[PDB]
Novice: 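Quick one: structure below, then a few questions.
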Amino acid sequence: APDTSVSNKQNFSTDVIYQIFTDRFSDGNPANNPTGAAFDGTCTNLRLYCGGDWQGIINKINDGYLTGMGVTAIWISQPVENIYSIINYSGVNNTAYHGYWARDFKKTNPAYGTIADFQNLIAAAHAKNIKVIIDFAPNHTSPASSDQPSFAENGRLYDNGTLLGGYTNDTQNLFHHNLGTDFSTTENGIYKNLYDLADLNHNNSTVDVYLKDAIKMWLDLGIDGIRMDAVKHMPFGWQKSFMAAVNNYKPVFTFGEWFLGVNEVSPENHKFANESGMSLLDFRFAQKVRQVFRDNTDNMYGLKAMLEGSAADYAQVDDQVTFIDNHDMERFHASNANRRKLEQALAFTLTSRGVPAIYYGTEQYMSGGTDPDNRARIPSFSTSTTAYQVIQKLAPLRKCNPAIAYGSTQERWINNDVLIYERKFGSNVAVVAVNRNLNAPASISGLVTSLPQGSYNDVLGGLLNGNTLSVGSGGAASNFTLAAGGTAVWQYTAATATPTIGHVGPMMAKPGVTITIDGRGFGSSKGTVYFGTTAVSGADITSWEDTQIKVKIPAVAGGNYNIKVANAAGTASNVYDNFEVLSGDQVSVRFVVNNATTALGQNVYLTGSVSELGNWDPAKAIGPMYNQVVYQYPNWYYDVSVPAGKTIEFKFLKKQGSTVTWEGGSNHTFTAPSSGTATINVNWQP
Ligand SMILES: OC[C@H]1O[C@@H](O[C@H]2[C@H](O)[C@@H](O)[C@@H](O[C@H]3[C@H](O)[C@@H](O)[C@@H](O[C@H]4[C@H](O)[C@@H](O)[C@@H](O)O[C@@H]4CO)O[C@@H]3CO)O[C@@H]2CO)[C@H](O)[C@@H](O)[C@@H]1O
Ligand SMILES: OC[C@H]1O[C@H](O[C@H]2[C@H](O)[C@@H](O)[C@@H](O[C@H]3[C@H](O)[C@@H](O)[C@H](O)O[C@@H]3CO)O[C@@H]2CO)[C@H](O)[C@@H](O)[C@@H]1O
Ligand SMILES: OC[C@H]1O[C@H](O[C@H]2[C@H](O)[C@@H](O)[C@@H](O)O[C@@H]2CO)[C@H](O)[C@@H](O)[C@@H]1O
Ligand SMILES: OC[C@H]1O[C@H](O[C@H]2[C@H](O)[C@@H](O)[C@@H](O)O[C@@H]2CO)[C@H](O)[C@@H](O)[C@@H]1O
Ligand SMILES: OC[C@H]1O[C@H](O)[C@H](O)[C@@H](O)[C@@H]1O
Ligand SMILES: [Ca+2]
Ligand SMILES: [Ca+2]
């Protein structure tokens, strides 16, 4: 199958995601609607259940609302059963309409539908070439009070009907009891409760195995992707083991939410996206787009800096999920704002690198402040809005023009208000011109592109006041006027002679697992696939066609490899680096080192005899370790994904910058468990 197939669960770069708040989209089955104080059919009280369900989504999939818009993927509310309690916060009732208060990850939320309804949703979506991404929030269960056991449902967790335990009298330690986080540090935000939500303890074997079995169930139901909730609030090491469990079973595109504010560039965020096994929602992109197109707090130079910086900071920038707003931000469109701003931000996002996500109702110009005002019921299913037509025209390009899906990004023209960028992949090109200035036109002269000689019609058809482009030799475009608020898209597609890799997924798995290499020019006959210097051909290449290759990871030592391919003729492609071959199945193990004193600025790290521990290379050491919540300095701890059942040798390091001080004596040693978790506690050796 081609890279653009709906069956491609490893690549969403050619897709356009539509984020659906199930309850606020369409109530297709009134029979499953909650009742009493937990329901408001009018959806005036945005804190109660409005009735939106999976049958409603099925209806909108079948009546052409999404397909006519060019949507090829949906991201829905967490499908698992949530608490039924109606929580009263300051005299205001609240329900789990949002799906983030799980009580059983192995059952469905009755309000959305039954297992059968979910299956019909998967079937209906795939029948229309629409992939399905589910929200998954394994950080917590639901609101609970240690002082008030009767509050809500005490965060009780069930395993397919069987009660495992609650927040009160948690003798099993299924949850964290370190109070609440003040977001002062990453560690503080991870090992303490997020607000009043019962924080799950992933170091507890029962919780570890349970959550991993739970995701398996949803994978078996046919989901095509996973949106991980609050990934900045769970042990990064455990999440890696979680992604390994997913990829070593049935790999599907996964991206987590790591909120970033305006002007916030986070190195930890980058590292997480590059090493966890999942990508992230591109808040850096979203915030900058809002600054430039919505709030006027930065110009096109800032937009360019974001594009160039992100392309360098993210190993796989094309896996980052972009957007202009979501359920945790005020609606992009302000009630009194010119609609062209939203239209431009949409056009920009739909043609930029990554995986575009459109928050439901954006195409209907919905306005609203912070939660819950940004989660109103979609007012209309009109296909006559300008925004709907913009999506309709640009969304399909991610499918037909690989430059949009996998291409590099280069600035071709720029000033305070104008940005003309070019996307390029092989013999495919796309040039987008955007003039955010709603009152002043711009004279575009000296524009040079990679577009072949000829005339180009604006893909938007002048919908956003775009214009035709005339290109001479050398890719030089004739002078033209870019209208105020003008937005135009010019493109060219053609066959690519040389093998070109545009995407690889998953990017982390053990030998034997099948990976998907997408691009152009691979040819029809099986060629060769390279993992570092190791060549793979024949049988282990399950399938091979011009845009997609399915190949099994060779039995090579765990580590980081560069992926490259060659057609039957032997012509090599570009290299797609940063692929992590695991040393085997993964288990989350907590390492604790006692009495490791340090100076301010100096931190303790973990190094070991397996790639998961960086193979004794201080540069790839695990950490910096923590020393405040679960254990206190001079004791340090950290949760790490390591190969199950392997005997591993390790040592700790004290690092200040890149300067390292090795622990003395002989290496420590232990054998990781075959499944579940474990805690290895040793003393720092002088
Ligand atoms: O009951 C609590 C609350 O839960 C909400 O459900 C989740 C939400 O849908 C999901 O996006 C996420 O949102 C939280 C972020 O994960 C978390 O990091 C935090 O974000 C703050 C940053 O940490 C700060 O650095 C700074 O940027 O400010 C950010 C504020 O957004 O808080 C987010 C909001 O909770 O996790 C939520 C919890 O599971 C429900 O949607 C909501 O109705 C509930 O009230
Ligand atoms: O590089 C692979 C080896 O990495 C680890 O070895 C560490 C030692 O654990 C650490 O004590 C330190 O050894 C130095 C030693 O203390 C000093 O007297 C000598 O002059 O230099 C040694 C280093 O050259 O650093 C090494 C890493 O260089 C690991 O313990 C070992 O099993 C690996 O083979
Ligand atoms: O002509 C090559 C040149 O084109 C662009 O330069 C623009 C510039 O961005 C505008 O602000 C204005 O000054 O007109 C110039 C063209 O005459 C590219 O930005 C530049 O890198 C490139 O060399
Ligand atoms: O907790 C984070 C913090 O840990 C280390 O700080 C130590 C410090 O080095 C000790 O001398 C002593 O003051 O205890 C501190 C922890 O409470 C790291 O050195 C520091 O960089 C880091 O932020
Ligand atoms: O300041 C809080 C928020 O205000 C507005 O919603 C901006 O669009 C957004 O970028 C910012 O994060
Ligand atoms: Ca319903
Ligand atoms: Ca947590």
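First listed ligand is number 1; within each ligand, the first listed atom is number 1. Note that these values count all heavy atoms, side chains included, but never hydrogens, waters or copies made by symmetry. The first residue in the sequence is number 1, and the count goes up from there.
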Novice: For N188, does its backbone N or O pair with a side-chain atom of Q628 as donor and acceptor, under 3.5 Å?
Specialist: no

Novice: Is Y112 close enough that one of its N/O/S atoms sits under 3.0 Å from the Ca ion (ligand 6)?
Specialist: no

Novice: Between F591, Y638, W636, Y637, which is the residue that forms a side-chain contact (heavy atoms from CB on, under 4.5 Å) with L606?
Specialist: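 The passing option is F591.
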
Novice: For the pair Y633 (side chain) and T598 (backbone), establish whether a donor and an acceptor sit closer than 3.5 Å, ignoring hydrogens and angles.
Specialist: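 Side chain of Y633 to backbone of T598, a donor-acceptor pair under 3.5 Å: yes, one is there.
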
Novice: Using a 6.0 Å cut-off, check whether atom NZ of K271 has over 12 heavy atoms from anything other than its own residue.
Specialist: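 Incorrect, the count does not exceed 12.
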
Novice: How are the rings of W54 and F118 set relative to one another: parallel (under 30°), tilted (30 to 60°) or perpendicular (over 60°)?
Specialist: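 Perpendicular, since the angle between the ring planes exceeds 60°.
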
Novice: Walk me through whether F25 and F381 qualify under ring-ring contact (aromatic ring centres under 6.0 Å, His included).
Specialist: CA-CA 10 Å; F25 195 57; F381 288 121; 5.5 Å; yes

Novice: Have a look at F323 and tell me which of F255, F283, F332, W75 forms a ring pair (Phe, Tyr, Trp, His ring centres under 6.0 Å) with it.
Specialist: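 Running ring pair (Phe, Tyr, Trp, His ring centres under 6.0 Å) over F255, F283, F332, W75 with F323 returns exactly one hit, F283.
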
Novice: First locate atom CD1 of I378, then atom SG of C50, and finally report the distance between them rounded to the nearest 0.5 Å.
Specialist: 13.0 Å

Novice: Carefully, step by step, assess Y360 and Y18 under the rule ring-ring contact (aromatic ring centres under 6.0 Å, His included).
Specialist: CA-CA 6 Å; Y360 82 104; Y18 188 83; 7.2 Å; no

Novice: Angle at the Ca ion (ligand 6): provide the value between OD2 of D53 and O of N29, rounding to 10 degrees.
Specialist: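 About 80° at the Ca ion (ligand 6).
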
Novice: For ligand 5, give me the residues whose heavy-atom distance to it is below 4.0 Å, by chain and number please.
Specialist: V262, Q287, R290, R294, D295, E330

Novice: Can you name the residues that come within less than 4.0 Å of ligand 4, going by heavy atoms only?
Specialist: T598, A599, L600, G601, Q602, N603, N627, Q628, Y633, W636

Novice: Give, for atom NE2 of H202 and atom CD of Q239, the distance between the pair rounded to the nearest 0.5 Å.
Specialist: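 It comes to 7.5 Å.
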
Novice: Once rounded to 10°, what is the value of the angle centred on the Ca ion (ligand 6) between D27 OD1 and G51 O?
Specialist: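 That angle is 70°.
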
Novice: Parallel, tilted or perpendicular: which one describes the rings of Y314 and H270, with boundaries at 30° and 60°?
Specialist: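 Correct class here is perpendicular.
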
